[PDB]
Amino acid sequence: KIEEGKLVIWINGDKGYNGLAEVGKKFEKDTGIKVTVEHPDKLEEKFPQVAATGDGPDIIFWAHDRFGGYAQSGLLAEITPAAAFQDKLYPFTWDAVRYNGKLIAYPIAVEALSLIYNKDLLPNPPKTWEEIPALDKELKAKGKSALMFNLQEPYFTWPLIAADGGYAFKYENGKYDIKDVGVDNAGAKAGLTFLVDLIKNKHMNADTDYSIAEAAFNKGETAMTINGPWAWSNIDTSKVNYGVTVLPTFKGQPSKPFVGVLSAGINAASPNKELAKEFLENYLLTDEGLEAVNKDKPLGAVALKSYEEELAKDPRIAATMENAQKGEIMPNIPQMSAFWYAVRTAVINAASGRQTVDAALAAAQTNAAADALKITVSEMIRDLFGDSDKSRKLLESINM
Ligand SMILES: OC[C@H]1O[C@H](O[C@H]2[C@H](O)[C@@H](O)[C@@H](O)O[C@@H]2CO)[C@H](O)[C@@H](O)[C@@H]1O
């Protein structure tokens with residue numbers, strides 16, 4: 001089901017796959033081992049689906065936030081770098097791929113959203129979200145708009161929602177409290193309420209997705225977008241005079257992007273775990289490998305110490321780091337997917353006017369907390385009963 005003697009790799013359509021294939025070709029040339037790169041859709045859902053029955057890729061690339069849930073499902077192999085190699089990467093990056101004492105992936109890069117603006121339309125960019133509406137009024141009269149960014153994917157809206165108090169799970173004394181969810185606080189209400197208002201005041205469209213925001217920005221139709229470093233190269237092709245900067249503050253407080261570490265995990269069912277380790281350690285995570293991917297779509301602020309000191313001088317990276325320190329490193333816990341489904345439903349509903357901000361978040365709060373708990377209970381019931389019918393038929397029930 002996974003061919004012994006070859007490497008298949010999954011990484012998302014927005015990332016430097018053609019650049020990674022290049023690294024795959026170099027590997028193939030020293031070791032004779034063919035490396036194949038693919039980007040199926042809904043990768044982060046497609047992976048556990050197929051790997052759960054022993055198929056899928058030898059290697060899986062996603063942000064570190066999904067990996068806790070994969071490791072917990074027994075889907076990843078433990079990764080075991082020698083001290084000397086661990087040393088070449090930033091402590092905090094290893095930390096985000098650490099789950100229950102075990103490293104469960106290789107950290108590749110630090111990804112954070114920034115405000116991307118067109119210097120020709122908007123020479124000085126807004127420092128605040130509260131100035132965006134007025135700005136749009138003025139651009140509208142020129143057949144232009146202030147801002148478009150993907151509203152379909154809560155990853156994008158979230159730094160506004162967190163700005164005044166939203167959070168996934170509370171973090172104190174080294175552990176997460178999956179019973180303390182921060183999606184329906186007053187601050188998360190204010191944040192979404194502002195976003196929803198921009199829609200009501202027709203300063204944005206509820207349908208705006210990733211394609212639509214990217215085409216509009218890169219064609220000069222809109223003065224601002226919110227996007228991660230992978231988007232920079234398409235904008236370079238456009239020749240649009242752009243800057244990458246700090247996100248606008250809301251109610252006076254910085255916007256809080258969820259920070260992701262692009263990680264690479266080995267499929268626990270892979271019969272090429274040794275080849276997979278050599279490709280990631282001696283080929284990808286080098287000045288050579290990273291630069292090959294980064295040339296295709298920029299990775300952000302790479303894990304590897306030696307190559308980050310070059311990338312660090314770039315103002316678009318610094319903008320990334322400043323956005324990143326103002327935000328929070330995503331949790332990697334299994335209950336995270338529950339937080340994301342619930343918030344995806346909420347933003348979508350309040351934006352499309354299907355529910356108010358308040359009924360939207362009230363339901364997101366209930367649902368994230370219950371799905372979170374459900375994820376934990378389910379694990380334990382598997383520990384108590386493995387797969388006696390008592391096990392399957394208790395799970396069946398508990399989920400509804
Ligand atoms: O919005 C839900 C989604 O947010 C994050 O996914 C990001 C990803 O980390 C980035 O690498 C880039 O591809 O944008 C994605 C969303 O469009 C979370 O990592 C992901 O788990 C979550 O479902």
# chains A, B, ... in the order shown; residues from 1 in each chain; ligands from 1
>>> residues_around(residues="segment 147-154 of chain A", least_positions_apart="3", cutoff="6 Å", atoms="only C-alpha atoms", output="PyMOL selection string")
chain A and resi 157-158+208-210+213+222+224-226+344
>>> select_by_dssp(residues="segment 55-206 of chain A", states="strand (DSSP E or B)", output="VMD selection string")
chain A and resid 59 to 63 76 89 98 to 99 102 to 103 106 to 111 114 to 118 128 145 to 147 167 to 172 175 to 182
>>> write_last_selection(atoms="N, CA, C and O atoms", output="short mmCIF file (atom, residue, chain, number, x, y, z; two decimals), in the first residue's frame")
data_model
loop_
_atom_site.label_atom_id
_atom_site.label_comp_id
_atom_site.auth_asym_id
_atom_site.auth_seq_id
_atom_site.Cartn_x
_atom_site.Cartn_y
_atom_site.Cartn_z
N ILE A 59 5.78 10.78 3.92
CA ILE A 59 5.98 12.03 4.63
C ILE A 59 4.78 12.96 4.45
O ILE A 59 4.20 13.04 3.35
N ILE A 60 4.41 13.64 5.54
CA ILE A 60 3.25 14.53 5.57
C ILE A 60 3.70 15.91 6.09
O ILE A 60 4.31 16.01 7.17
N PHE A 61 3.44 16.96 5.30
CA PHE A 61 3.73 18.35 5.70
C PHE A 61 2.44 19.10 6.03
O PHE A 61 1.53 19.20 5.22
N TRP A 62 2.37 19.62 7.24
CA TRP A 62 1.28 20.50 7.61
C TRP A 62 1.85 21.41 8.68
O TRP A 62 3.01 21.21 9.08
N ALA A 63 1.09 22.42 9.09
CA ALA A 63 1.41 23.17 10.31
C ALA A 63 1.34 22.20 11.50
O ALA A 63 0.56 21.21 11.47
N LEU A 76 1.88 8.79 13.31
CA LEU A 76 3.26 9.17 13.06
C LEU A 76 4.24 8.26 13.78
O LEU A 76 3.92 7.69 14.81
N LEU A 89 18.62 23.58 14.82
CA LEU A 89 17.26 24.15 14.76
C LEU A 89 16.89 24.92 16.04
O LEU A 89 17.42 24.65 17.11
N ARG A 98 6.86 18.76 19.70
CA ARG A 98 6.98 17.84 20.84
C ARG A 98 5.60 17.55 21.43
O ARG A 98 4.85 18.47 21.72
N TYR A 99 5.26 16.27 21.57
CA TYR A 99 3.97 15.87 22.11
C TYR A 99 4.10 14.64 23.03
O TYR A 99 4.47 13.54 22.59
N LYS A 102 7.64 13.10 23.34
CA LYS A 102 8.15 12.66 22.03
C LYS A 102 8.10 13.75 20.96
O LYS A 102 7.07 14.38 20.73
N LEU A 103 9.23 13.97 20.32
CA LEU A 103 9.27 14.61 19.02
C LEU A 103 8.54 13.71 18.03
O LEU A 103 8.87 12.52 17.88
N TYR A 106 9.65 16.86 12.19
CA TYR A 106 10.74 17.79 11.96
C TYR A 106 10.12 19.17 11.67
O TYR A 106 9.29 19.31 10.76
N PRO A 107 10.53 20.21 12.43
CA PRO A 107 10.05 21.57 12.16
C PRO A 107 10.77 22.18 10.95
O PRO A 107 11.99 22.09 10.84
N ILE A 108 10.02 22.80 10.05
CA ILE A 108 10.62 23.31 8.83
C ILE A 108 10.74 24.83 8.93
O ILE A 108 11.84 25.36 8.81
N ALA A 109 9.62 25.50 9.19
CA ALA A 109 9.56 26.97 9.16
C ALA A 109 8.47 27.56 10.08
O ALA A 109 7.46 26.90 10.37
N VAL A 110 8.69 28.80 10.51
CA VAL A 110 7.74 29.58 11.30
C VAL A 110 6.91 30.51 10.40
O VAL A 110 7.42 31.48 9.83
N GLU A 111 5.63 30.18 10.32
CA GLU A 111 4.64 30.85 9.49
C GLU A 111 3.78 31.76 10.30
O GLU A 111 3.12 31.30 11.24
N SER A 114 0.83 38.38 7.82
CA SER A 114 1.18 39.78 7.90
C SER A 114 0.18 40.61 7.08
O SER A 114 -0.72 40.04 6.38
N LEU A 115 0.27 41.93 7.23
CA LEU A 115 -0.53 42.84 6.41
C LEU A 115 0.33 43.11 5.19
O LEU A 115 1.51 43.56 5.29
N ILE A 116 -0.24 42.74 4.04
CA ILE A 116 0.40 42.95 2.75
C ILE A 116 -0.35 44.12 2.12
O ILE A 116 -1.58 44.10 2.03
N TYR A 117 0.39 45.15 1.73
CA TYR A 117 -0.20 46.36 1.18
C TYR A 117 0.54 46.83 -0.10
O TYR A 117 1.73 46.54 -0.30
N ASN A 118 -0.19 47.56 -0.94
CA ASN A 118 0.29 48.10 -2.21
C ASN A 118 0.76 49.55 -1.98
O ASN A 118 -0.07 50.46 -1.75
N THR A 128 -4.38 50.77 12.37
CA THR A 128 -5.52 50.26 13.13
C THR A 128 -6.58 49.59 12.23
O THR A 128 -6.69 49.87 11.05
N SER A 145 -10.75 49.10 -3.48
CA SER A 145 -11.14 48.76 -2.09
C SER A 145 -9.94 48.71 -1.15
O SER A 145 -8.80 48.53 -1.59
N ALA A 146 -10.20 48.86 0.15
CA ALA A 146 -9.14 48.80 1.15
C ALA A 146 -8.59 47.40 1.31
O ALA A 146 -7.40 47.17 1.15
N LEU A 147 -9.46 46.46 1.60
CA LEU A 147 -8.98 45.15 2.00
C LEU A 147 -9.82 43.95 1.51
O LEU A 147 -11.07 43.95 1.61
N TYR A 167 -9.27 33.15 22.49
CA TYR A 167 -8.23 32.13 22.51
C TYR A 167 -8.83 30.73 22.33
O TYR A 167 -10.04 30.53 22.49
N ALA A 168 -7.97 29.77 21.99
CA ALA A 168 -8.40 28.39 21.81
C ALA A 168 -8.64 27.71 23.17
O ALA A 168 -9.78 27.55 23.61
N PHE A 169 -7.55 27.35 23.84
CA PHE A 169 -7.62 26.79 25.17
C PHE A 169 -6.71 27.59 26.09
O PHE A 169 -5.67 28.06 25.64
N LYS A 170 -7.09 27.77 27.35
CA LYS A 170 -6.23 28.51 28.28
C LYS A 170 -4.94 27.76 28.65
O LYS A 170 -4.94 26.54 28.86
N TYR A 171 -3.84 28.51 28.73
CA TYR A 171 -2.54 27.95 29.05
C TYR A 171 -1.92 28.53 30.33
O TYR A 171 -1.59 29.72 30.40
N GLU A 172 -1.74 27.66 31.32
CA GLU A 172 -1.15 28.03 32.61
C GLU A 172 -0.30 26.88 33.14
O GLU A 172 -0.59 25.71 32.87
N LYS A 175 0.55 23.48 31.16
CA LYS A 175 -0.53 22.66 30.55
C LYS A 175 -1.75 23.46 30.02
O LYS A 175 -2.04 24.57 30.48
N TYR A 176 -2.43 22.87 29.03
CA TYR A 176 -3.69 23.37 28.48
C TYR A 176 -4.92 22.85 29.22
O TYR A 176 -5.02 21.66 29.54
N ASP A 177 -5.87 23.73 29.47
CA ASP A 177 -7.12 23.37 30.11
C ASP A 177 -8.19 23.33 29.02
O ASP A 177 -8.78 24.36 28.68
N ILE A 178 -8.45 22.14 28.46
CA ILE A 178 -9.44 21.97 27.40
C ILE A 178 -10.88 22.28 27.80
O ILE A 178 -11.78 22.21 26.96
N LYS A 179 -11.10 22.62 29.07
CA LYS A 179 -12.40 23.07 29.56
C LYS A 179 -12.53 24.59 29.60
O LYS A 179 -13.61 25.12 29.80
N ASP A 180 -11.42 25.30 29.38
CA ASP A 180 -11.39 26.76 29.31
C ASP A 180 -11.10 27.19 27.86
O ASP A 180 -9.94 27.28 27.43
N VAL A 181 -12.19 27.42 27.12
CA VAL A 181 -12.18 27.78 25.72
C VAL A 181 -12.55 29.25 25.64
O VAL A 181 -13.45 29.71 26.36
N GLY A 182 -11.89 29.99 24.76
CA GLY A 182 -12.08 31.44 24.72
C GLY A 182 -12.67 31.98 23.43
O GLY A 182 -12.23 33.03 22.93
#
>>> closest_residue(among="A:80, A:253, A:218, A:337", to="ligand 1", atoms="only C-alpha atoms and all ligand atoms")
A:337
>>> closest_residue(among="A:336, A:206, A:317, A:77", to="ligand 1", atoms="only C-alpha atoms and all ligand atoms")
A:336
>>> atom_distance(atom1="atom CA of residue 338 of chain A", atom2="atom 13 (O, counted along the ligand's line) of ligand 1")
17.8 Å
>>> atom_distance(atom1="atom CA of residue 187 of chain A", atom2="atom CA of residue 351 of chain A")
17.2 Å
>>> closest_residue(among="A:12, A:233, A:124, A:86", to="ligand 1", atoms="only C-alpha atoms and all ligand atoms")
A:12
>>> closest_residue(among="A:10, A:232, A:339, A:92", to="ligand 1", atoms="only C-alpha atoms and all ligand atoms")
A:339
>>> select_by_dssp(residues="segment 18-116 of chain A", states="helix (DSSP H, G or I)", output="PyMOL selection string")
chain A and resi 18-31+43-51+64-72+83-86+91-96
>>> atom_distance(atom1="atom CA of residue 334 of chain A", atom2="atom CA of residue 375 of chain A")
7.3 Å
>>> closest_residue(among="A:134, A:312, A:216, A:330", to="ligand 1", atoms="only C-alpha atoms and all ligand atoms")
A:330
>>> residues_around(residues="residue 257 of chain A", least_positions_apart="5", cutoff="10 Å", atoms="only C-alpha atoms", output="PyMOL selection string")
chain A and resi 111-114+155-163+247+323-330
>>> closest_residue(among="A:129, A:90, A:17, A:67", to="residue 255 of chain A", atoms="only C-alpha atoms")
A:129
>>> residues_around(residues="residue 70 of chain A", least_positions_apart="5", cutoff="12 Å", atoms="only C-alpha atoms", output="ChimeraX atom specification")
/A:44-52,60-62,64-65,75-78,97,99,104-105,265-268,332-337
